[PDB]
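For reference, the structure is listed below as structure tokens.
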Protein chains: 4
Amino acid sequence: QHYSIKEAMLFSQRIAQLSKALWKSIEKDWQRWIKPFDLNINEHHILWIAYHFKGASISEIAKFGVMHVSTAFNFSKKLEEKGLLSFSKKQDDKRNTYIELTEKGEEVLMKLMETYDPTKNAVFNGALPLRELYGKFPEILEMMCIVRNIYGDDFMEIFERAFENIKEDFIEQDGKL
Amino acid sequence: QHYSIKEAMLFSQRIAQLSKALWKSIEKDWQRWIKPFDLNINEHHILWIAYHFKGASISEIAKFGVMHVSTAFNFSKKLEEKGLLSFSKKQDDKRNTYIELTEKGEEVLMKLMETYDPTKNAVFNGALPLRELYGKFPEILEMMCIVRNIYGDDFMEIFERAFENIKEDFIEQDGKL
Amino acid sequence: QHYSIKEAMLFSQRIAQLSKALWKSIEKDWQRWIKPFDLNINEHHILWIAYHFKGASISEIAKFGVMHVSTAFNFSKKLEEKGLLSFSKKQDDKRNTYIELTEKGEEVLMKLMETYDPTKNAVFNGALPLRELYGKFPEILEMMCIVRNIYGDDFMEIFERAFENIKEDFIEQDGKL
Amino acid sequence: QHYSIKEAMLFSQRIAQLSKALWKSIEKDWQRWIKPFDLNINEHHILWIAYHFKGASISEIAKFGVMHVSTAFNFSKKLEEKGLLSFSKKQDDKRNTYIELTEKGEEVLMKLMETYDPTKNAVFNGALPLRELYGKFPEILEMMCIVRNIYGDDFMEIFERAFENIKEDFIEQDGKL
């Protein structure tokens with residue numbers, strides 16, 4: 001207890017609607033960006049996970065991709081067909097299968113990056129006011145706090161991984177390494 | 001411009017991962033709560049929209065339900081089959097079809113409410129630390145600001161609608177009106 | 001431990017400068033507003049404390065006025081001279097002396113209120129951007145959290161007291177009850 | 001307009017009380033830390049400003065010290081008497097007088113640093129809960145936003161100056177360079 005029941009219902013509905021809105025917008029923009037290259041959302045997500053972690057287990061891919069293991073194997077295979085990634089020999093347990101990007105896939109990823117225009121995506125524009133007032137893009141700490149308690153600190157290490165990987169691996173003259 | 005390209009990529013990835021995590025958790029908890037009653041997530045969402053707005057157009061239902069019109073008609077029909085809601089006579093345009101809850105549906109909704117246990121749902125527990133430190137549940141303003149610029153102030157009026165409807169229509173001794 | 005020493009120094013300096021800036025600005029604006037009526041900052045603060053709490057002990061006045069007891073007695077006396085407030089008979093302990101506003105003082109307070117122009121005060125203008133982005137004036141929760149741990153929940157009840165007193169006791173056509 | 005008058009009064013009182021509380025606590029802790037060395041708050045503030053800016057004008061000192069010019073000259077002189085700082089030859093305009101720390105003063109500053117214990121100061125402890133929940137000390141952005149609109153971006157550059165100076169100039173084994 002030490003909270004009202006009402007309060008709980010209000011908060012629940014509030015976040016469920018907010019989170020549905022946000023996921024749906026990001027989903028739509030993202031799908032726009034990547035549909036030229038015939039990639040599902042999951043597939044691009046998987047490709048990035050491989051870039052950032054220097055290859056991964058399916059169980060890694062499903063953890064950081066917030067998908068089920070099944071989907072991670074299925075879409076991983078679909079990508080193998082497209083020559084984007086490679087598979088390890090052991091298929092004992094789908095979970096332990098190890099994935100690693102082919103070179104063609106890495107070029108796909110870099111290309112998609114040069115195709116990137118922020119000003120086309122909704123959520124970016126929705127956040128620009130806040131960037132202007134604060135001088136920096138919104139941190140949305142409360143959200144991160146929540147997802148940490150939900151998903152775990154090792155989960156949460158992907159944010160640090162990707163920050164460092166973007167900063168170090170690439171540089172910009174018009175947008176790419 | 002007046003921001004870095006890098007910055008944009010960091011922010012994009014950050015929010016896309018955060019928002020996927022949040023939507024997936026709420027999705028899983030919600031599905032747990034409502035699966036006894038053989039209801040899709042969309043279907044429950046539609047039923048609430050009808051309760052709050054005293055019936056609605058399909059186009060209303062899709063706006064506030066963040067779904068496509070097609071889905072809103074399809075799942076609305078599935079609910080009509082279940083005797084939960086009623087349909088208007090005009091089917092000229094799916095969009096203008098007017099939906100209104102049957103009594104059986106309203107009982108379903110109230111029942112689901114008495115079935116509600118917050119302590120079972122992840123995101124609730126993830127937010128309790130913040131509730132303790134602040135003395136109130138997290139407001140997540142930055143998120144709301146964003147969704148407002150994205151979706152519109154009339155969209156955003158559902159939060160006020162539902163706050164007032166919960167407060168006024170119901171009272172709690174163990175949880176329900 | 002479980003923090004860096006450096007971190008501690010950074011945070012300390014940061015807040016000490018921020019808090020000096022804020023106090024000095026509010027001090028200057030406030031002094032501008034009240035200098036017509038020949039009132040020190042403390043004296044006006046004391047008068048409000050009496051209005052809100054329906055009279056008070058000196059020890060109350062010093063708690064909520066964040067001043068020393070000595071100052072609270074001295075400036076309280078200066079106000080008695082001005083016919084603004086009245087004193088209880090017991091002077092056994094300065095702390096237990098009970099203060100209550102004269103009518104003249106209450107008129108002074110209401111007058112000062114009609115003299116109030118927000119647009120003249122700095123800190124108000126500094127906060128208007130945030131009010132525009134958020135649709136509401138900044139909550140500055142982190143600050144309140146801090147002051148709560150510092151000063152105590154009974155201290156913190158003055159915010160609720162004054163919110164309710166402003167809302168209920170007064171109404172606005174051009175600014176006053 | 002486009003806000004209520006009431007709202008303005010609420011916000012004003014709220015921040016004025018919060019800011020008085022915070023300044024008074026920091027004032028008391030700070031005075032505790034520095035009273036061994038017979039230093040006013042202003043005097044220590046002035047000494048730090050000189051360290052960070054490699055000497056300064058009085059007008060600089062008053063800007064960043066949020067004091068009047070008069071006080072900045074007076075307390076600067078008192079420090080010259082103590083052999084802490086040195087003066088430029090020109091006294092044409094007090095404002096343009098240039099101050100620079102003597103070596104004795106720098107040792108005083110470093111000493112005070114080794115005397116530093118965070119766990120003694122109130123505001124530090126008031127913020128530790130937030131540090132624990134967030135994993136980092138509170139940013140209090142809203143406050144900084146406000147002070148920026150109030151005081152100016154060049155004013156605000158002292159935060160960056162001191163961050164970099166602390167990080168680079170010193171290192172810690174038990175607390176000092």
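Residues are referred to by chain and number: the chain letter is A, B, ... according to the order shown in the structure tokens, the number counts from 1 in that chain, and ligands are numbered separately from 1 in the order shown.
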
Self-check item: Residue set, range 72-111 of chain C restricted to helix (DSSP H, G or I), as an MDAnalysis selection string
Solution: chainID C and resid 72:81 94:96 103:111

Next item on the list: For residue 37 in chain B, please output as a PyMOL selection string all residues within 12 Å (counting only C-alpha atoms; exclusion window: fewer than 6 positions along the same chain).
Entry: chain B and resi 31+43-44+79+82+84+105+107-109+111-113+115

Can you build me a table of chain D residues sitting at most 10 Å from chain A, with the closest atom pair per residue and its distance in Å to one decimal, using only C-alpha atoms, sorted by chain and residue number, as a Markdown table?
```
| residue | atom | partner | partner_atom | distance |
| --- | --- | --- | --- | --- |
| D:133 | CA | A:145 | CA | 7.6 |
| D:134 | CA | A:145 | CA | 6.7 |
| D:135 | CA | A:145 | CA | 9.1 |
| D:141 | CA | A:134 | CA | 7.7 |
| D:142 | CA | A:134 | CA | 8.4 |
| D:144 | CA | A:134 | CA | 9.0 |
| D:145 | CA | A:134 | CA | 6.7 |
```

Keeping only C-alpha atoms, write those residues as a PDB file, in the first residue's frame.
```pdb
ATOM      1  CA  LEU D 133      17.930   6.598  -7.586  1.00  0.00           C
ATOM      2  CA  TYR D 134      19.440   8.265 -10.655  1.00  0.00           C
ATOM      3  CA  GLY D 135      22.974   6.930 -10.420  1.00  0.00           C
ATOM      4  CA  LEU D 141      18.153  21.690 -14.984  1.00  0.00           C
ATOM      5  CA  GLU D 142      15.088  23.836 -14.453  1.00  0.00           C
ATOM      6  CA  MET D 144      19.926  26.349 -14.400  1.00  0.00           C
ATOM      7  CA  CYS D 145      17.573  27.287 -17.225  1.00  0.00           C
TER       8      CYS D 145
END
```

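When the distance limit is 7 Å and only C-alpha atoms are what count, the residues near residue 162 in chain A, minus those fewer than 4 positions from it on the same chain, are residues 52, 158 and 166 of chain A.
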
Atom pair CA of residue 140 in chain C + CA of residue 11 in chain D, distance 10.4 Å

* To do: Go ahead and compute the interatomic distance for CA of residue 114 in chain B and CA of residue 27 in chain B, in Å to one decimal.
  =>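 Separation of CA of residue 114 in chain B and CA of residue 27 in chain B: 19.5 Å.
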
> range 96-101 of chain C: which residues within 10 Å, counting only C-alpha atoms, same-chain residues fewer than 4 positions away excluded, as a ChimeraX atom specification?
Replying inline: /C:46-51,53-61,73,76-77,79-80,83-92,105-106

**Prompt:** Hey, can you check how far CA of residue 118 in chain D sits from CA of residue 25 in chain D?
**Reply:**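 So the answer is 13.6 Å.
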
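Across B:21, B:9, B:72, B:130, the tightest approach to residue 172 in chain A is made by B:9 when counting only C-alpha atoms.
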
- So which residues of range 1-142 of chain B fall under strand (DSSP E or B) by DSSP, listed as a ChimeraX atom specification? /B:56-57,85-87,98-101

Restricting the output to N, CA and C atoms, write the selected residues as a compact mmCIF listing (two decimals), in the first residue's frame.
```
# COMPACT_ATOMS: atom_id res chain seq x y z
N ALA B 56 -18.31 6.48 -29.66
CA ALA B 56 -17.40 7.17 -30.57
C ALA B 56 -17.57 6.68 -32.00
N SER B 57 -17.09 7.51 -32.92
CA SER B 57 -16.84 7.15 -34.29
C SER B 57 -15.65 6.20 -34.37
N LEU B 85 -20.35 -4.50 -27.54
CA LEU B 85 -20.70 -3.18 -28.05
C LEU B 85 -21.75 -3.28 -29.15
N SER B 86 -22.35 -2.14 -29.49
CA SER B 86 -23.37 -2.01 -30.53
C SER B 86 -22.90 -1.06 -31.62
N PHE B 87 -23.50 -1.20 -32.80
CA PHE B 87 -23.13 -0.47 -34.01
C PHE B 87 -24.26 0.46 -34.45
N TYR B 98 -20.70 4.61 -35.82
CA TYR B 98 -20.73 5.04 -34.43
C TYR B 98 -20.89 3.82 -33.55
N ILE B 99 -20.05 3.73 -32.53
CA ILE B 99 -20.00 2.57 -31.66
C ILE B 99 -20.49 2.98 -30.29
N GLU B 100 -21.18 2.07 -29.62
CA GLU B 100 -21.60 2.32 -28.26
C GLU B 100 -21.67 1.00 -27.49
N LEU B 101 -21.21 1.04 -26.25
CA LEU B 101 -21.03 -0.16 -25.46
C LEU B 101 -22.38 -0.75 -25.08
```

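The list of residues with at least one atom within 8 Å of range 17-19 of chain D, based on only C-alpha atoms and without residues fewer than 2 positions apart in the same chain, reads residues 19, 22, 23, 143, 144 and 147 of chain C; 13, 14, 15, 21, 22 and 23 of chain D.
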